[PDB]
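Sequence order for the protein chains is A and B. If you use full-length UniProt numbering, the first sequence corresponds to residues 299 to 338, 350 to 716, in order. If you use full-length UniProt numbering, the second sequence corresponds to residues 299 to 338, 348 to 718, in order. The beta carbon of each residue, even a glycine, is placed where N, CA and C say it ideally should be. Everything below concerns the one structure shown next.
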Amino acid sequence: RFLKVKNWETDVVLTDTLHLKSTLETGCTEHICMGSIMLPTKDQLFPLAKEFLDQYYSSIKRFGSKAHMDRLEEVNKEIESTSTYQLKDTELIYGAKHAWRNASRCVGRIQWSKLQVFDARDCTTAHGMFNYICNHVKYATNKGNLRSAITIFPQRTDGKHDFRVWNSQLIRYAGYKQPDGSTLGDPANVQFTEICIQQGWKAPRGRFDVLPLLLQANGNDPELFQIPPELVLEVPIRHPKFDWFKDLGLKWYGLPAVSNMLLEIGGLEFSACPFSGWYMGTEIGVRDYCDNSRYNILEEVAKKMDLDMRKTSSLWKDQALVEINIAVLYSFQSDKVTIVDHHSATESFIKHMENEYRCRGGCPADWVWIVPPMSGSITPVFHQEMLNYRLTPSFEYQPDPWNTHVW
Amino acid sequence: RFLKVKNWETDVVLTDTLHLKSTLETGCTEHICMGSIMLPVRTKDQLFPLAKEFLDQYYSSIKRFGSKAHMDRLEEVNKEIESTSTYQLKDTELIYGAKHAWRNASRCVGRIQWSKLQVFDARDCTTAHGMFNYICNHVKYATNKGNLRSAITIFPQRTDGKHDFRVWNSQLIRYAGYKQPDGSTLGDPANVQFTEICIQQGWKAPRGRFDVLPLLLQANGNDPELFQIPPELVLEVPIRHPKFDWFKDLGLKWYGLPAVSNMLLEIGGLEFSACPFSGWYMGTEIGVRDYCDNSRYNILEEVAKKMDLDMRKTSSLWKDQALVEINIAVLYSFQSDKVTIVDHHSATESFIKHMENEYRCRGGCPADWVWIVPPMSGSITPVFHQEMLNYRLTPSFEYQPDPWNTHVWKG
Ligand code: HEM
Ligand code: HEM
Ligand SMILES: Fc1cccc(C[C@H]2C[C@@H]2NCCc2ccnc(-n3ccnc3)n2)c1
Ligand SMILES: Fc1cccc(C[C@H]2C[C@@H]2NCCc2ccnc(-n3ccnc3)n2)c1
Ligand SMILES: C[C@H](O)[C@H](O)[C@H]1CNc2nc(N)[nH]c(=O)c2N1
Ligand SMILES: C[C@H](O)[C@H](O)[C@H]1CNc2nc(N)[nH]c(=O)c2N1
Ligand SMILES: [Zn+2]
Numbered sequence: 299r300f301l302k303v304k305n306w307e308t309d310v311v312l313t314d315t316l317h318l319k320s321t322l323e324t325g326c327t328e329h330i331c332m333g334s335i336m337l338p350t351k352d353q354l355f356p357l358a359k360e361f362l363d364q365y366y367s368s369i370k371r372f373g374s375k376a377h378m379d380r381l382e383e384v385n386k387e388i389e390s391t392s393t394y395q396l397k398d399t400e401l402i403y404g405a406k407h408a409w410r411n412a413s414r415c416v417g418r419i420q421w422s423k424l425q426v427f428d429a430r431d432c433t434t435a436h437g438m439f440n441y442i443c444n445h446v447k448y449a450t451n452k453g454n455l456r457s458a459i460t461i462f463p464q465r466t467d468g469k470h471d472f473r474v475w476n477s478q479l480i481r482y483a484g485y486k487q488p489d490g491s492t493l494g495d496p497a498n499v500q501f502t503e504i505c506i507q508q509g510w511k512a513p514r515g516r517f518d519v520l521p522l523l524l525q526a527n528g529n530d531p532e533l534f535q536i537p538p539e540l541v542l543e544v545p546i547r548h549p550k551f552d553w554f555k556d557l558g559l560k561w562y563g564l565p566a567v568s569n570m571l572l573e574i575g576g577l578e579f580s581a582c583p584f585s586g587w588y589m590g591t592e593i594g595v596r597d598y599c600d601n602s603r604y605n606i607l608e609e610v611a612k613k614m615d616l617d618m619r620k621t622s623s624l625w626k627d628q629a630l631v632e633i634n635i636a637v638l639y640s641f642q643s644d645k646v647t648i649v650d651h652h653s654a655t656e657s658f659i660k661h662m663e664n665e666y667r668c669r670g671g672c673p674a675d676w677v678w679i680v681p682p683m684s685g686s687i688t689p690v691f692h693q694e695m696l697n698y699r700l701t702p703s704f705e706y707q708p709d710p711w712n713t714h715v716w
Numbered sequence: 299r300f301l302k303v304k305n306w307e308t309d310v311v312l313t314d315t316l317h318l319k320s321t322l323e324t325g326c327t328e329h330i331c332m333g334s335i336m337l338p348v349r350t351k352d353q354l355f356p357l358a359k360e361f362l363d364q365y366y367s368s369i370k371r372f373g374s375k376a377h378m379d380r381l382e383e384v385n386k387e388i389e390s391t392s393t394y395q396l397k398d399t400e401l402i403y404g405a406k407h408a409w410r411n412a413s414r415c416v417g418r419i420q421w422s423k424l425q426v427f428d429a430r431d432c433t434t435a436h437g438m439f440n441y442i443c444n445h446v447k448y449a450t451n452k453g454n455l456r457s458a459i460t461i462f463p464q465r466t467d468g469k470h471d472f473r474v475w476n477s478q479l480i481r482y483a484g485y486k487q488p489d490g491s492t493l494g495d496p497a498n499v500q501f502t503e504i505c506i507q508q509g510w511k512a513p514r515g516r517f518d519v520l521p522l523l524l525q526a527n528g529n530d531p532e533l534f535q536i537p538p539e540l541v542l543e544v545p546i547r548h549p550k551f552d553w554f555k556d557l558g559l560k561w562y563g564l565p566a567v568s569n570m571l572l573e574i575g576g577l578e579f580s581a582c583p584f585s586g587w588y589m590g591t592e593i594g595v596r597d598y599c600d601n602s603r604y605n606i607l608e609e610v611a612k613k614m615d616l617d618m619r620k621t622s623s624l625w626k627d628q629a630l631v632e633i634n635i636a637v638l639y640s641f642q643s644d645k646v647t648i649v650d651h652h653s654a655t656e657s658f659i660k661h662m663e664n665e666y667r668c669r670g671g672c673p674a675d676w677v678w679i680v681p682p683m684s685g686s687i688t689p690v691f692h693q694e695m696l697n698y699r700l701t702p703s704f705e706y707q708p709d710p711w712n713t714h715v716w717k718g
């Protein structure tokens, strides 16, 4: 019931007590582990609200205070009469910060307490959402000195009036098919790009076209908006050795901003809650550039380096992978746009873990996601046992709106 | 109940029914996943159903389920258990069992080869000297002058727990580690403790960076005895790099035969505590883990310096750069010396095919993602994008405590 996690590089052992507060389920059973699967009412709501308020008031050293009891009081009254309740700003911010703190797949959580929270619960229209999102992008981007942020739109009422950002990220590149049968741009966004087209986007059928926002306010049909170019900070990718690298014509954006997730706090659901931090270099160079079903530029780079691509055993893929990632880090650092390498990030995360074990009694962590997609075992997290479990407040996946939307 | 795993590169979806035949616990619960945790005397009582289960499996595989031969065998095993509190496996069952423990080994990326396993039956063995001879023959057979063949040698099963056969080495072939008084380590830091035991047991240590350890062998629960593997049987490979000539001057070499000697093989309820097995190396086991782990030989810095990389900030990716050249070196050296080795691209690609073949013909393939994904360049291998289910089937290989922690010393 009290569990130990060992680091096999340092023999450091930590004891987890925090998992005993876990409420949600993992997909795993005692007969089967699903650790590598990507996705495994008034009476319902009051316990949830209670669990949250209890931990909020505990966090501000006022557990069992009259203020605490009064709040539980007031919230229960509100639920019974209204079937829902509203968070005070202090609770909202605490909840958002803790949803990040509890995000077991996020390596950047050492930063969790410095989140800037934008309260957009007063928003009513897609133009309103657009304004808030532009403000978020500009704040977070900060001319390249990135700052973590979340913007929180109104909570779900009866599920017929949901606020949704249809984009998976605020800033992504379009993807179009060709009669050539190949794929132009980012293959990840082919389907979303088409929904932009059918809704009326005028695509400039290029390779790196910043997608428009598709914004749904109050269960209404979603609308298109172009993010002001001047707010989208982009980075041309060059190598600090290979002059020919720039001729590949690669660029990437500075702001990584997840916008399709669901923020759950005290039983309330915030279906539109885009958030951003800053890039770990591998996200771009390993995943975005080298994944087969993404930009998949390995062979092209490999040829330009004149590598022996006859046999896999020359490790030409590995050699090219490294240089691409060198270039990404270099390009971002040169243009003074915040970025972290996987060595520094994972080093920070081990520090955060030990802090969390020390000051909270544990830290949920999904090893499959925390270990970087290159050079796994030369980063300290590889050797770190981790326990994965779900705490609330939380960020949850939710279905794509185009499968659900009653047009 | 059916379970689907998806490959996120190819969108190939597979369906697992095999997990239903899983009995053993995983460590995980509905509330916690222990997928990244490394490690999360049997009565006649529990023994017959374990025997029956195994023999039902055996007889299904040979298309003789429910046959008279099947029924007579259950009867025979039942009677033997009831009167002797245990039983002996036929040779055919042993072979079937060992192959299937390999097949079920969820952490082994090499399982495409599972049906090709030379099984050596050493159940007639009674002494440490006898064990040494059997292990010598295994090393010679498996090495095959560089053309490696998978093999396993099976010593007699556990009886009362007081007469265990054990190989105290973790691998048949490994280099000594020596803690120096200044806190540094000469040789392989992983084997410091075992090296000390050996020395205590009377081993005369040459005290160099690459000393092949002696075998420490326990027969029938007696105190273990030291033997030296004949050097001529230990195939080694000097590490050089195809383009960097200073690389050979690092003085590196490795042995060619990877052989695990400390696991327990469970078949039909019987426990085989000494069952050393060997395959061949995936290059990253040596180049990534053995050389570049901070807690092992740890040569990244020295390699990096000699390459004149920018080592001032990690963001130069000097570590990733040195790591790659070292792994190129390991592959180059082994191929050049005609010693069997597989790169992680080839091995993972084959595993995906194996795994897909297993879903069709078998209804599943238990796999541990945390272990199947290679310790470098993970996402440019197909396994990274492959959802996998982990569960425990028998026959199986299991961990067991190190024998120096449990052994009752005779004198
Ligand atoms: C500030 C620097 C940050 C860094 C370096 C960072 C790093 C990462 C990385 C590398 C991933 C893996 C994503 C993938 O491979 O798809 C991730 C996922 C995630 N991050 Fe962060 N992050 C940061 C900020 C944030 C913030 C501000 C939040 C929320 C307030 C957050 C919440 C999450 C969540 C919920 C996931 C899981 C996403 C999923 O399941 O697809 N992160 N993070
Ligand atoms: C023939 C080529 C083989 C290859 C390329 C191969 C590859 C591997 C690799 C890379 C690992 C991970 C080891 C680690 O990181 O500690 C492993 C583990 C394992 N393999 Fe193999 N293997 C082969 C043969 C075999 C054979 C012949 C057996 C048994 C009959 C076997 C059973 C296992 C088991 C039980 C493990 C898990 C060991 C542990 O948990 O420490 N493999 N294999
Ligand atoms: F389960 C899935 C199946 C298919 C696609 C998927 C999308 C998952 C990969 C994306 N996860 C977020 C990636 C991302 C992008 C931009 N920024 C961040 N980000 C920002 C701060 N922290 C993370 N993360 C899930
Ligand atoms: F749970 C643990 C905690 C700390 C160390 C540990 C040892 C792991 C490394 C051993 N795994 C086997 C390594 C190995 C060596 C030589 N050959 C093979 N090999 C041969 C065929 N298949 C694998 N494997 C476990
Ligand atoms: C199938 C497997 O779970 C999947 O490929 C995961 C592996 N680990 C990951 N890790 C991160 N950070 N991001 C990912 O998208 C994935 N994908
Ligand atoms: C903590 C973590 O489970 C541990 O370091 C694992 C990670 N994956 C591994 N994978 C392989 N093949 N071998 C290992 O020793 C490990 N170690
Ligand atoms: Zn699990």
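Members of the segment 594 to 628 of chain B that neighbour chain A once the beta carbon cut-off is set at 9 Å: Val595, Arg596, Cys599, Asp600, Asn601, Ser602, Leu607, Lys620, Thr621, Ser622, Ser623, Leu624, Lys626, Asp627 and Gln628
Flag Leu696(A) as yes if its beta-carbon sits less than 8 Å from any beta-carbon of chain B, otherwise no. yes
Name the DSSP beta bridge partners of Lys423(A), please? Paired residue(s): none; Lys423(A) is not in a bridge.
Residues bridged to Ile461(A) by DSSP? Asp428(A)
Between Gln464(B) and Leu312(B), how many whole angstroms is the CB-CB distance? I'm expecting something under 8 Å. Incorrect: roughly 36 Å between the Cβ atoms, too far for contact.
Output, in chain order, the set of chain A residues within a Cβ distance shorter than 9 Å of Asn634(B). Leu624 and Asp627
Kindly list, in the order they appear in chain B, the residues whose Cβ is closer than 8 Å to that of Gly685(A). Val680, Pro681, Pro682, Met683 and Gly685
Hey, would you say the C-beta of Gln420(B) is under 7 Å away from at least one heavy atom of ligand 2? yes
Can we count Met683(B) as close to ligand 5, meaning its CB is less than 7 Å from some heavy atom? no
Report all residues for which the CB-ligand distance to some heavy atom of ligand 5 is below 6 Å; order them along the chain. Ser334(A), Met336(A), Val677(A), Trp678(A), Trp306(B), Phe691(B), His692(B), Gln693(B) and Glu694(B)
Is it the case that the CB of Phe584(A) approaches a heavy atom of ligand 1 more closely than 7 Å? yes
Mind pulling the chain A residues with CB within less than 8 Å of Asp650(B)? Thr621, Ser622 and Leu624
Any chance the segment 633 to 643 of chain A sits against the segment 545 to 553 of chain A, with 3 or more Cβ pairs inside 8 Å? yes
Based on DSSP bridge pairs, tell me the residues matched to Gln525(A). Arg473(A)
Residue 339(B) beta carbon near ligand 2 (any heavy atom closer than 7 Å): Missing here is residue 339(B): after 338, the next number in chain B is 348.
Cβ-Cβ separation, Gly515(B) to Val544(B) (assumed contact under 8 Å), whole Å: Between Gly515(B) and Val544(B) the Cβ distance is about 17 Å, and since that is not below 8 Å, they are no contact.
Looking at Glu663(A) and ligand 2, is the gap between the Cβ and the nearest heavy atom below 7 Å? no
Contact check, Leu524(A) vs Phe658(A), beta carbons under 8 Å: no
Would you say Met332(B) reaches chain A, if we count a Cβ-Cβ gap shorter than 8 Å as a contact? yes
What residues in its chain sit with their C-beta under 8 Å from that of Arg669(A), if we drop five residues either side in the sequence? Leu316
Please check the pair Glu532(A) and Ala435(A), which I expect to be a contact at CB under 8 Å, by giving their CB distance rounded to whole angstroms. 4 Å
Beta-carbon proximity list for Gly325(B), same chain, < 7 Å, skipping 5 on both sides: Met332, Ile335 and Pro338
To the nearest angstrom, report how far apart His714(B) and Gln500(B) are at their CA atoms. 16 Å
Pull up the CB-CB distance for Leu479(B) and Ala566(B), whole angstroms please, since I reckon it's below 8 Å. 4 Å
Is the shortest distance between the beta-carbon of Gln525(A) and the beta-carbons of chain B less than 8 Å? no
Given 8 Å as the limit, is there contact between the segment 647 to 654 of chain B and the segment 585 to 595 of chain B, that is, 3 or more CB pairs closer than that? yes
If contact is defined by three or more beta carbon pairs under 8 Å, each pair taking one atom from either stretch, is the segment 608 to 626 of chain A in contact with the segment 375 to 395 of chain A? no
8 Å Cβ cut-off: residues of chain B touching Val310(A): Those do not exist, as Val310(A) stays about 12 Å from chain B at its closest Cβ, beyond 8 Å.
I want to verify the contact list: residues of chain B whose CB lies under 8 Å from the CB of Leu630(A), in sequence order. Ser684 and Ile687
What residues match up with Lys660(A) in a beta bridge as DSSP calls it? Note: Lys660(A) sits in no beta bridge, so no partner.
Heavy atom of ligand 3 less than 7 Å from the Cβ of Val446(B), yes or no? no
Are the CB atoms of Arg430(A) and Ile461(A) nearer to each other than 8 Å? yes
Kindly say whether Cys672(B), judged by its beta-carbon, lies nearer than 8 Å to any beta-carbon of chain E. The displayed structure is made up of protein chains A and B, and chain E is not among them.
Count the C-beta pairs between the segment 680 to 690 of chain A and the segment 674 to 689 of chain B that are closer than 8 Å, then say yes if the count reaches three, no if not. yes
Compute the distance between the beta-carbons of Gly528(A) and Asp471(A), then report whether it is under 8 Å. yes
Under DSSP, the beta strand (DSSP E) around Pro545(A) begins and ends at which residues? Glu543 to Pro545
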